[PDB]
**Student:** 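Below are the structure tokens for one structure; questions will follow.
All heavy atoms count here, side chains included; hydrogens, waters and symmetry mates do not. So that the names make sense, note that chain A is the first sequence line, chain B the second, and so on, each numbered from 1.
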Amino acid sequence: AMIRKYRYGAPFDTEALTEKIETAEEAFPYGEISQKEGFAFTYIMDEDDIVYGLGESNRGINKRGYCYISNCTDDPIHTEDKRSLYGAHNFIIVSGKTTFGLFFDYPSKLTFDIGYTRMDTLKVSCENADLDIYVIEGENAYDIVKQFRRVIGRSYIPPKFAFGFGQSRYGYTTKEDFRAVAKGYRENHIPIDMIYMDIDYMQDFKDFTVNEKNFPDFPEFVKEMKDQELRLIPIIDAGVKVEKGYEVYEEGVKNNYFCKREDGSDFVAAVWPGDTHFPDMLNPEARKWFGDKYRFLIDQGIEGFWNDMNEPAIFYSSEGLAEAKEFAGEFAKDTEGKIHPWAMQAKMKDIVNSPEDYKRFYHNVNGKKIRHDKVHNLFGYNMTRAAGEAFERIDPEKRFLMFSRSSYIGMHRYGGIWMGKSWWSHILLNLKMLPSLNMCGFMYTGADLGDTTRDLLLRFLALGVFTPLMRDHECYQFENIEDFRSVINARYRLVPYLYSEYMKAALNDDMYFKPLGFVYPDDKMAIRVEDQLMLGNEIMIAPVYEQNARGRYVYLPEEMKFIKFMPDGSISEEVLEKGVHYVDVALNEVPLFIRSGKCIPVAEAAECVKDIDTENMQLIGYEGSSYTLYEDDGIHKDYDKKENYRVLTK
Amino acid sequence: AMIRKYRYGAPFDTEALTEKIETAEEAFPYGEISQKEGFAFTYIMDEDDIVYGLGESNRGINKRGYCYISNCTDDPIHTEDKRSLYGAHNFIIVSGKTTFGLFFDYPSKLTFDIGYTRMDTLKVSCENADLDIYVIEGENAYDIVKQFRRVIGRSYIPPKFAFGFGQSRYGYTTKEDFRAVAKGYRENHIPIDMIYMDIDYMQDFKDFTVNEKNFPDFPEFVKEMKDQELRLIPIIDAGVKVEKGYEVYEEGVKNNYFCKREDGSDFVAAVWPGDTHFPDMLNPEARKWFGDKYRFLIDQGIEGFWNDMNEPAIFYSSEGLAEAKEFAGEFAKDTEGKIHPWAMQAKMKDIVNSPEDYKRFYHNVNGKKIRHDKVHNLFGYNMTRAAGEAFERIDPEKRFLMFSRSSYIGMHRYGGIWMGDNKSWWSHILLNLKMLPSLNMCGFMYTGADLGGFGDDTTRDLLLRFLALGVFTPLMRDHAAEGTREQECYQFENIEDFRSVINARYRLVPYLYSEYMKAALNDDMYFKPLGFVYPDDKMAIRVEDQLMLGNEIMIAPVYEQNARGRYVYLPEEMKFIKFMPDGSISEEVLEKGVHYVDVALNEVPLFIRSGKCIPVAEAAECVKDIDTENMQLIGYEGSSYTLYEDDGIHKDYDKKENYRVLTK
């Protein structure tokens, strides 16, 4: 009754929500709806209004002052002007004198003009008036988000090992590249639980194969790593290689599981393996088929995966390549100078992730052919869905690590997200993206660091200490390796707390990271803070994101204990009063703040999730307070035991 | 006595220094010097060291932690990984326990590895050991800076009208376009003194011409604007268009004034006109001939210019085009998938500003030929020098507005610089803040950034915050890239906010001009890092987002979107001043320490130091109309301020009449 759904035209069923909401017949309650040329929602904002949401998108926590377009795109350079990233997360909340949330359930290009054109005007528009709009009421933003979290269903939950630290890099290839890392960390006592294998582990980049030469006996080797508490996490891409005799390819062609051109032929998209076809992610049979293919790696002992290139990305199509060559030919032979270099250059750029290509193939949705652009933002979502639904059929009681590059709301039930250059500013960018992603159901997230300096790496890791996905995209290639061990030690000492908070949040449709505004709604200073986040109900983080900085300014909305994990293995604490502070944070120290009347458990440092001692964990924070610890086996889904909850008291 | 020159090989004379320093005899005083792989200076820094300098370069005031290459480069994407921008300013200061300054007088590609490869390692290297290295001793960075400023010679001084506000856009083409800008500003009583003319004003992008169809009586049009205190400031590019009958081209060829290939053919580079030749800026007679050309504009009432593309920028050479067309021919006919799109794409980009092109042409320096790459960082510097020296011949008594995109230390005597093709990014406000003190250390004081951001689309609020920074930068102009969102002040809602911010500039002009002149005449800095002023304050020395100005104030602009204030650190008590939109000036004493201050979008902030005061005039709409007779004194009771002012037009700097002591 605090949520209403307004339907326009004949919307595509995106399955974003799991709760059914009845269609409202009354007037639309906020702003104005026009269906003249397409669809447009327009709303005049109050000057004090803050606009939260949009999950994975550019800029700040408050979205006012710019334009955002939901249109999943593989963009390598996330500069301030970019209007479209990997995710399409169509949920906003206006927070002010009048407060309300809106979900725009629409699968295509959706433009949020949020004060870009006129400062006071919010305008959300798309090309077709075929969509549901959910309006949600509440006393404040935080209340509105929790109701949204309920109706889109419970977020993906990873196995406990995924709260360890993982190492990654595009390059690894041989059993040796991998064994070095094993000794690299283990012999230097650096905690680690995971190692990601990038595309190079596949035979000629063929989904659901392993390179036979380099990996003659894969199961055995997977076990070799698992005996040292190291779990390999192989990638899987959207594109299936065109190649006679390759069974994934042959099956897809035979049974019509690929996306087709207008004429019925299988669309060709060039990606990592050269020519490929895209599995039709919106066709149920295709999905089950594609997902079933993970058994191949699972049966070999693999306990987790990552998806990439699932926008889906396109280096070029055959049509696009054919046009590019034809143009190159004219340029080649032009002497009048009628064809300029920059035009040649532009044509070459245009065939990548080309809008025209997205109009070249179709989805077969239960017999009905739908042009891909019309449902573009659903592709990566349904690829991750295919994996997740496969996992359930295969082993329903077991959690697999899984996360994806591209997404839409509704994918949050099946896997997490990772954010993809090595800039200081990307520390803060990734920080600000977290609360918004939590608002939209994506809790298991983290970022990579794309030209890297030691100090940039350490600051970046100090943020990752807190992000559920913590991975390096090495640690040993520098001076003073203890700094890097020291930072990861903090991560493993905080895992029981972090995992606990994540489970409690996930199981209750709550947020792991929160903006200060959600926790301290009456504090006008707090609501505007964007470079600090609240975690669970116990702490606040505030990472250093400036090069050569030895400290930073913070605002404390209440009395807190300033905590630092020191490099020597100790923990410094200082009580600090409500208000503004400058705090000192050395490169090898990990800071956080514990709120008045709270405490958190801290474990002794361990090198793998399995070996952390959560028996007599030290409690840090305020005497007299208590903490409810959540603990299970981290492997299965026996979430509801009363035994999972233990009350610790400092 | 405090400076020493160390020579290596047979350095090219850059004329960077005006003071002659004799070649020293003893061992190099700091670190180690090596000639194994070309040339290298290596130094092991103490952990608490701070490294200042490098004028126009990327990153922060403290340069530690990255790599900086002195290689004048036309690069419009100033992301933080970029190593080379438009300037080549080879002055650094190591500040800490052991403190000293170095100036690498070398005209070619010079690599500053400042703790990048190794955190404790400062390594400076180049391809050949043909250079002078000046070592400057001193008790602190500041002292070292002023000594350097002494020997590089007095900084360029602009006419006073150049401290007004300026509007510019790649696009203004007709009388209509300029009158609309005129109307758009004056009718809304928004102050302004300058309107910039971008390349469209020429006949087919030909240097030293004006479009005959669009400006049939240009002298008349220039007066129509000037009569409104609107001074037109036309662009001049490095490239002279290749065209038969075009006198500039014909003379350059006939007299061998152009840069040539080794066979003596005139080197061809495509830029805005298409095919052009580059005037040989290192050839003294070429230099004089090109400079004299400005007379064609000055004789029409033009009082100032901007020099562009003078890296020199090259879209492609003739050799490059043919290589690219050949590669494309192959790609076209490829059937096996041997030649990939991205290979083709890379070739296309590679012919732009190509290091190979820079090895393809030469300068003629008194009959002696030198390959351009070997002196690449001197080109823009000598083009602006060309113009500067021509102004002196043409009208010795008069100041001309002049600034350039590319530069080298030495050029600071002849023009300013603008921080080039930035973008409408919030991060660029801070970038442009941070570059200011560094440009000052290297003698470049008349500078500023494209307010609102050059590239991309700007929002109302971004422009307003940018403007509030520009208030303090001697160059204050709103500039825009082609096809971008129109970012004149009159295009946005509630234009009173724009009037309020610009009013604050004009109310401050007598003070800012005063400090500029005082600074330039005494080889001192206009902007200073906090550390220079508060050397014993451990916290102050690391502040990078505030700057001291002259000896009276400190600034701290808001550079975050949606922010309603920001953190500041005050190293002593100060009066927190804000220029309010209603025209009033709010004041609040704040004590030494950390503060968060409220600064609304339409509010201009600054702090006045303990025991100081500044003069603030009433708002005026052009510089000539500012009432300096009786301004209000803002600041601390019992303090005094020495106002410098002259006619703002000629070069009579010495007179006691120029100074007036005002006391609060």
**Student:** Using a strict 4.0 Å threshold on nitrogen-to-oxygen distance, state whether B/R64 and B/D49 make a salt bridge.
**Tutor:** no
**Student:** So, B/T117 versus B/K123: side-chain donor-acceptor pair below 3.5 Å or not?
**Tutor:** no
**Student:** Would B/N58 and B/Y68 count as having a side-chain donor-acceptor pair, cut-off 3.5 Å?
**Tutor:** no
**Student:** Among the options A/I50, A/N480, A/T453, pick out the one with the most heavy-atom pairs lying under 4.5 Å from chain B.
**Tutor:** A/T453
**Student:** Looking at B/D450 and B/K423, is there a salt bridge between them, counting it only when a charged N and a carboxylate O are closer than 4.0 Å?
**Tutor:** no
**Student:** Heavy-atom distance under 4.5 Å to chain A: side chain of B/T459, backbone, both or neither?
**Tutor:** side chain
**Student:** Checking heavy atoms, do the side chain of B/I351, its backbone, both or neither come under 4.5 Å from chain A?
**Tutor:** side chain
**Student:** Is a salt bridge present between A/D451 and B/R83, judged by a nitrogen-to-oxygen distance below 4.0 Å?
**Tutor:** yes
**Student:** May I ask you to name which of B/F327, B/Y596, B/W425, B/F492 has the most heavy-atom pairs under 4.5 Å with chain A?
**Tutor:** B/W425
**Student:** With chain B as the partner, which of A/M344, A/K347, A/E326 has the greatest number of non-hydrogen pairs under 4.5 Å?
**Tutor:** A/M344
**Student:** Between B/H340, B/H595, B/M539, which shows the greatest number of heavy-atom pairs under 4.5 Å with chain A?
**Tutor:** B/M539
**Student:** Out of A/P341, A/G274, A/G579, which one racks up the most heavy-atom pairs below 4.5 Å with chain B?
**Tutor:** A/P341
**Student:** When only heavy atoms count and the cut-off is under 4.5 Å, which of residues 315-325 of chain B reach chain A?
**Tutor:** B/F315, B/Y316, B/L321, B/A324, B/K325
**Student:** Any cation-pi pair here, B/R542 with B/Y569, using under 6.0 Å and within 45°?
**Tutor:** no
**Student:** Using a 4.5 angstrom heavy-atom cutoff, name the option from B/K349, B/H428, B/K333, B/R564 with the most pairs to chain A.
**Tutor:** B/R564
**Student:** Below 4.5 Å from any heavy atom of chain B, which atoms of A/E479 appear? Answer side chain, backbone, both or neither.
**Tutor:** side chain
**Student:** Considering only heavy atoms and a distance below 4.5 Å, find which of A/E330, A/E546, A/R59, A/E530 pairs most often with chain B.
**Tutor:** A/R59
**Student:** Is a donor on one side and an acceptor on the other found under 3.5 Å between the side chain of B/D457 and the backbone of B/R485?
**Tutor:** yes
**Student:** Report which part of A/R118 has an atom under 4.5 Å of a heavy atom belonging to chain B: side chain, backbone, both, or neither.
**Tutor:** both
**Student:** What part of A/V554 lies closer than 4.5 angstrom to a heavy atom of chain B: side chain, backbone, both or neither?
**Tutor:** backbone
**Student:** Could you walk me through whether B/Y559 and B/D545 pass the side-chain hydrogen bond (donor to acceptor under 3.5 Å, both in side chains) test, one step at a time?
**Tutor:** CA-CA 9 Å; B/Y559 54 94; B/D545 67 357; 2.9 Å; yes
**Student:** Under a 4.5 Å cut-off applied to non-hydrogen side-chain atoms, are B/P273 and B/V271 in contact?
**Tutor:** yes
**Student:** Would you please test A/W424 and A/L456 for side chain to side chain contact (heavy atoms under 4.5 Å, CB included) and show each step?
**Tutor:** CA-CA 7 Å; A/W424 282 83; A/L456 172 57; 3.8 Å; yes
**Student:** Counting only heavy atoms closer than 4.5 Å, note whether A/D48 contacts chain B via side chain, backbone, both or neither.
**Tutor:** both
**Student:** Let me know if B/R566 has heavy atoms under 4.5 Å from chain A in its side chain, its backbone, both or neither.
**Tutor:** neither
**Student:** Where on B/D456 is there a heavy atom nearer than 4.5 Å to chain A: the side chain, the backbone, both, or neither?
**Tutor:** side chain
**Student:** Which is it for A/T121 and A/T42 under the side chain to side chain contact (heavy atoms under 4.5 Å, CB included) test, yes or no, and what are the steps along the way?
**Tutor:** CA-CA 7 Å; A/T121 303; A/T42 305; 3.8 Å; yes
**Student:** Determine whether a donor-acceptor pair (N or O, by modelled atom type, separation under 3.5 Å) exists between the side chain of A/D334 and the backbone of A/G337.
**Tutor:** yes
**Student:** Say whether A/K421 and B/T79, considering side chains only, have a donor N or O and an acceptor N or O under 3.5 Å apart.
**Tutor:** no
